[PDB]
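Here you get one chain, nothing else, as structure tokens; it is the form deposited in one PDB entry.
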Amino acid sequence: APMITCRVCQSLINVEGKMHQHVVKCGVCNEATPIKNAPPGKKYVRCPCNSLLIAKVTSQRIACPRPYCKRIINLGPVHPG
């Protein structure tokens, strides 16, 4: 089996028949790992809660949506003021 490593828990994910997907689900931790680049103008962001998020490449901050999380993610440094 073609296998990719889950980016969250490092379990092996069997990707037979799934290489056409953008992401694959890990059955162990129930999180998604990206298999392709985010679509153009987007980037994949991993929340500290382990949720895989999509952001625009122009986004400076994204909020996680998971109800238990709602974390703010700083996708870059800022300047003072």
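Just count from 1 along the sequence shown to find any residue number.
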Note to self: Per the record, averaged over C-alpha atoms, which has the higher B-factor: 63-71 or 18-26?
What the structure shows: 63-71
Next item on the list: Between 39-47 and 52-60, point out the one with the higher average CA B-factor as the PDB entry records it.
Entry: 52-60
Note to self: What third of the chain does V78 rank in for C-alpha temperature factor, lowest, middle or highest?
What the structure shows: middle
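Keep in mind the form deposited with a partner chain bound is missing from the figure; the text below concerns it.
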Notebook entry, point to check: Looking in the entry with it bound, any heavy atom of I54 within 4.5 Å of its partner chain?
Noted result: yes
Next item on the list: Examine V15 and determine whether its closest non-hydrogen atom to its partner chain in the entry with it bound is within 4.5 angstroms.
Entry: no
